[PDB]
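**Q** My structure is stored as protein_23.cif, with mmCIF, N, CA and C atoms.
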data_input
loop_
_atom_site.label_atom_id
_atom_site.label_comp_id
_atom_site.auth_asym_id
_atom_site.auth_seq_id
_atom_site.Cartn_x
_atom_site.Cartn_y
_atom_site.Cartn_z
N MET A 3 0.83 -1.20 0.00
CA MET A 3 0.00 0.00 0.00
C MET A 3 0.86 1.25 0.00
N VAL A 4 0.41 2.26 -0.74
CA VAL A 4 1.18 3.48 -0.90
C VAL A 4 0.38 4.67 -0.37
N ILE A 5 1.13 5.72 -0.02
CA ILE A 5 0.59 7.01 0.37
C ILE A 5 1.16 8.05 -0.59
N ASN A 6 0.45 9.16 -0.72
CA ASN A 6 0.94 10.26 -1.54
C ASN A 6 1.70 11.26 -0.68
N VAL A 7 2.85 11.69 -1.18
CA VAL A 7 3.63 12.77 -0.59
C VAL A 7 3.94 13.78 -1.69
N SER A 8 3.67 15.05 -1.41
CA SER A 8 3.93 16.13 -2.34
C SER A 8 5.21 16.85 -1.94
N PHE A 9 5.91 17.36 -2.94
CA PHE A 9 7.14 18.11 -2.74
C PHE A 9 7.03 19.50 -3.35
N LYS A 10 7.45 20.49 -2.58
CA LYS A 10 7.70 21.84 -3.06
C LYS A 10 9.21 21.99 -3.15
N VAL A 11 9.70 22.25 -4.36
CA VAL A 11 11.13 22.28 -4.65
C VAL A 11 11.52 23.70 -5.02
N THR A 12 12.72 24.11 -4.58
CA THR A 12 13.24 25.43 -4.93
C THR A 12 13.09 25.67 -6.43
N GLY A 13 12.75 26.91 -6.78
CA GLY A 13 12.52 27.26 -8.16
C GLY A 13 11.10 27.09 -8.63
N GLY A 14 10.14 27.03 -7.71
CA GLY A 14 8.74 26.97 -8.10
C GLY A 14 8.33 25.67 -8.76
N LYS A 15 8.88 24.56 -8.31
CA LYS A 15 8.60 23.25 -8.87
C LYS A 15 7.83 22.41 -7.86
N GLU A 16 6.91 21.59 -8.36
CA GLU A 16 6.09 20.75 -7.50
C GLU A 16 5.84 19.40 -8.18
N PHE A 17 5.88 18.34 -7.38
CA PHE A 17 5.47 17.02 -7.85
C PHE A 17 4.96 16.22 -6.67
N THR A 18 4.17 15.19 -6.97
CA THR A 18 3.63 14.27 -5.97
C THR A 18 4.00 12.86 -6.38
N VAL A 19 4.39 12.04 -5.39
CA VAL A 19 4.70 10.63 -5.61
C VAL A 19 3.89 9.77 -4.66
N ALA A 20 3.69 8.52 -5.07
CA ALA A 20 3.04 7.51 -4.24
C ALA A 20 4.13 6.55 -3.78
N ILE A 21 4.32 6.47 -2.46
CA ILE A 21 5.44 5.76 -1.87
C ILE A 21 4.94 4.84 -0.77
N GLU A 22 5.71 3.79 -0.50
CA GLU A 22 5.48 2.99 0.69
C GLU A 22 5.91 3.80 1.91
N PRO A 23 5.09 3.86 2.97
CA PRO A 23 5.41 4.77 4.08
C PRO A 23 6.65 4.39 4.87
N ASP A 24 7.18 3.17 4.71
CA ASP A 24 8.33 2.73 5.50
C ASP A 24 9.65 2.74 4.72
N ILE A 25 9.68 3.31 3.52
CA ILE A 25 10.97 3.47 2.84
C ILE A 25 11.85 4.41 3.67
N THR A 26 13.15 4.40 3.38
CA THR A 26 14.04 5.30 4.10
C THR A 26 14.07 6.67 3.43
N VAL A 27 14.62 7.64 4.16
CA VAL A 27 14.86 8.97 3.60
C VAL A 27 15.74 8.89 2.35
N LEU A 28 16.78 8.06 2.39
CA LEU A 28 17.63 7.90 1.21
C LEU A 28 16.83 7.33 0.03
N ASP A 29 15.97 6.33 0.28
CA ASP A 29 15.09 5.83 -0.76
C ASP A 29 14.27 6.97 -1.36
N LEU A 30 13.74 7.84 -0.50
CA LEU A 30 12.92 8.96 -0.95
C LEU A 30 13.74 9.96 -1.76
N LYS A 31 14.99 10.22 -1.37
CA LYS A 31 15.85 11.07 -2.18
C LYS A 31 16.09 10.46 -3.56
N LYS A 32 16.27 9.15 -3.64
CA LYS A 32 16.44 8.50 -4.94
C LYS A 32 15.21 8.70 -5.81
N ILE A 33 14.01 8.62 -5.22
CA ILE A 33 12.79 8.94 -5.95
C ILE A 33 12.80 10.39 -6.41
N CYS A 34 13.16 11.31 -5.52
CA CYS A 34 13.18 12.73 -5.87
C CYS A 34 14.12 12.99 -7.04
N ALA A 35 15.28 12.32 -7.06
CA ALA A 35 16.25 12.54 -8.12
C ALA A 35 15.74 12.06 -9.47
N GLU A 36 14.78 11.13 -9.49
CA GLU A 36 14.14 10.70 -10.73
C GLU A 36 12.99 11.62 -11.14
N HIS A 37 12.71 12.66 -10.35
CA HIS A 37 11.66 13.62 -10.66
C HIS A 37 12.14 15.06 -10.84
N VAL A 38 13.29 15.44 -10.29
CA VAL A 38 13.82 16.80 -10.41
C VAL A 38 15.34 16.71 -10.54
N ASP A 39 15.92 17.79 -11.06
CA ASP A 39 17.35 17.82 -11.38
C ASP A 39 18.18 18.26 -10.17
N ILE A 40 18.07 17.49 -9.08
CA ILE A 40 18.92 17.65 -7.91
C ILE A 40 19.46 16.27 -7.56
N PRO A 41 20.77 16.05 -7.61
CA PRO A 41 21.30 14.72 -7.28
C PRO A 41 21.14 14.42 -5.80
N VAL A 42 21.13 13.13 -5.49
CA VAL A 42 20.81 12.68 -4.14
C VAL A 42 21.67 13.39 -3.11
N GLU A 43 22.97 13.48 -3.37
CA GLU A 43 23.90 14.00 -2.38
C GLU A 43 23.72 15.49 -2.12
N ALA A 44 23.07 16.22 -3.03
CA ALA A 44 22.82 17.65 -2.82
C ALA A 44 21.45 17.93 -2.22
N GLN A 45 20.60 16.91 -2.09
CA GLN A 45 19.25 17.12 -1.62
C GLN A 45 19.18 17.23 -0.10
N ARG A 46 18.34 18.14 0.37
CA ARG A 46 17.94 18.17 1.77
C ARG A 46 16.42 18.16 1.80
N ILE A 47 15.84 17.13 2.44
CA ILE A 47 14.39 17.02 2.58
C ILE A 47 14.00 17.60 3.93
N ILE A 48 13.10 18.59 3.89
CA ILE A 48 12.68 19.35 5.07
C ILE A 48 11.24 18.98 5.37
N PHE A 49 10.99 18.55 6.61
CA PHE A 49 9.68 18.08 7.03
C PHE A 49 9.61 18.21 8.54
N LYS A 50 8.49 18.75 9.04
CA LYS A 50 8.30 18.92 10.48
C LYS A 50 9.46 19.66 11.13
N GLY A 51 9.96 20.67 10.42
CA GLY A 51 10.99 21.54 10.96
C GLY A 51 12.36 20.91 11.03
N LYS A 52 12.58 19.81 10.33
CA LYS A 52 13.84 19.09 10.42
C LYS A 52 14.37 18.72 9.05
N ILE A 53 15.69 18.54 8.99
CA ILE A 53 16.36 17.92 7.87
C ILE A 53 16.30 16.41 8.11
N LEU A 54 15.56 15.68 7.28
CA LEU A 54 15.38 14.26 7.54
C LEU A 54 16.68 13.50 7.28
N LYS A 55 16.88 12.42 8.04
CA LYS A 55 18.14 11.69 8.06
C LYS A 55 18.09 10.44 7.18
N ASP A 56 19.11 10.30 6.32
CA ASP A 56 19.12 9.33 5.23
C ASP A 56 18.72 7.92 5.65
N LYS A 57 19.30 7.42 6.74
CA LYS A 57 19.15 6.00 7.07
C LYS A 57 17.82 5.67 7.73
N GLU A 58 17.00 6.67 8.02
CA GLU A 58 15.81 6.44 8.82
C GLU A 58 14.58 6.18 7.96
N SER A 59 13.73 5.27 8.44
CA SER A 59 12.43 5.03 7.82
C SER A 59 11.53 6.24 8.02
N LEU A 60 10.75 6.57 6.98
CA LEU A 60 9.85 7.71 7.07
C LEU A 60 8.82 7.55 8.18
N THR A 61 8.48 6.31 8.54
CA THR A 61 7.53 6.09 9.63
C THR A 61 8.02 6.72 10.93
N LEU A 62 9.33 6.81 11.14
CA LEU A 62 9.84 7.42 12.36
C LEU A 62 9.38 8.87 12.50
N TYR A 63 9.13 9.53 11.38
CA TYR A 63 8.74 10.93 11.36
C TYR A 63 7.23 11.11 11.23
N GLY A 64 6.46 10.03 11.23
CA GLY A 64 5.02 10.13 11.16
C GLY A 64 4.49 10.62 9.83
N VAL A 65 5.15 10.29 8.72
CA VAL A 65 4.68 10.74 7.41
C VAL A 65 3.29 10.18 7.17
N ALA A 66 2.43 11.01 6.59
CA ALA A 66 1.03 10.66 6.39
C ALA A 66 0.61 11.00 4.96
N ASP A 67 -0.38 10.25 4.48
CA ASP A 67 -0.94 10.43 3.14
C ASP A 67 -1.41 11.86 2.94
N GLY A 68 -0.85 12.51 1.92
CA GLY A 68 -1.18 13.88 1.59
C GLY A 68 -0.21 14.92 2.12
N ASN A 69 0.75 14.53 2.95
CA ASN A 69 1.70 15.48 3.49
C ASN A 69 2.51 16.13 2.37
N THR A 70 2.98 17.34 2.63
CA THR A 70 3.90 18.06 1.76
C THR A 70 5.23 18.22 2.48
N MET A 71 6.31 17.99 1.76
CA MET A 71 7.66 18.23 2.22
C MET A 71 8.30 19.26 1.29
N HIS A 72 9.38 19.87 1.76
CA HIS A 72 10.18 20.75 0.92
C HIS A 72 11.47 20.06 0.55
N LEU A 73 11.92 20.29 -0.67
CA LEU A 73 13.20 19.80 -1.16
C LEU A 73 14.04 21.00 -1.55
N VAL A 74 15.21 21.13 -0.92
CA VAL A 74 16.13 22.22 -1.18
C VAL A 74 17.51 21.63 -1.46
N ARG A 75 18.38 22.47 -2.01
CA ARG A 75 19.75 22.10 -2.30
C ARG A 75 20.65 22.46 -1.12
N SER A 76 21.65 21.61 -0.88
CA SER A 76 22.70 21.91 0.08
C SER A 76 23.24 23.30 -0.21
#
Would you write out, as structure tokens, the structure that this file holds?
**A**
Amino acid sequence: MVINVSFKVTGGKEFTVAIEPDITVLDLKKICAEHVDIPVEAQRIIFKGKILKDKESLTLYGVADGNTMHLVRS
């Protein structure tokens, strides 16, 4: 089962993906890199006032269907 997560990306860009809620932050960055021109190592995913940590499952942060995150460059 998948949930939708939307991204607001620097430069007025937006996309939504359907993801398994227990993938890691790094998994999510790999998805983001297939949707926008920011390589994984330059991405910072901002959610709930934090820079999310690569090795952690998104469930640790309580990600929910319909949430929006921000994607910025290092």
**Q** May I have the residues within 7 Å of residue A:73 as a PyMOL selection string, using only C-alpha atoms and disregarding those fewer than 2 positions away in the same chain?
**A** chain A and resi 9-12+45-48+71
**Q** At a cut-off of 8 Å around the point (9.5, 16.0, 8.4) (file coordinates), what residues fall inside when counting only C-alpha atoms? I'd like the answer as a VMD selection string.
**A** chain A and resid 47 to 54 63 to 65 71
**Q** Hey, which of A:44, A:19, A:3, A:60 ends up closest to residue A:76? Count all atoms listed in the file.
**A**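 Between A:44, A:19, A:3, A:60, the residue approaching residue A:76 most closely is A:44.
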**Q** Could you find all residues in chain A that DSSP calls alpha helix (DSSP H) from the backbone, and write them as a list in words?
**A** residues 27, 28, 29, 30, 31, 32, 33, 34 and 35 of chain A
**Q** One decimal, Å: what's the distance from atom C of residue A:59 over to atom N of residue A:27, could you say?
**A**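 Calculated distance between atom C of residue A:59 and atom N of residue A:27 is 5.1 Å.
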**Q** Find, counting only C-alpha atoms, the residue in A:8, A:62, A:57, A:23 that gets nearest to residue A:37.
**A**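 Closest to residue A:37, using only C-alpha atoms: A:8.
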**Q** Using the chain letters and numbers from this document, which residues of chain A does DSSP assign to strand (DSSP E or B), as a PyMOL selection string?
**A** chain A and resi 5-11+15-21+26+45-49+52-53+59+70-75
**Q** Select all residues near (3.6, 11.4, 2.2) (cut-off 7 Å, inclusive, file coordinates), counting only N, CA and C atoms, and output them as a list in words.
**A**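 Taken together, the residues in range are residues 5, 6, 7, 8, 21, 65, 66, 67, 68, 69 and 70 of chain A.
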**Q** May I have the centre and edge lengths, in Å to one decimal, of an axis-aligned box around the listed atoms of stretch 68-76 of chain A with 4 Å added to every side, as lines of an AutoDock Vina configuration file?
**A**
center_x = 11.0
center_y = 17.9
center_z = 0.6
size_x = 32.4
size_y = 18.8
size_z = 13.8
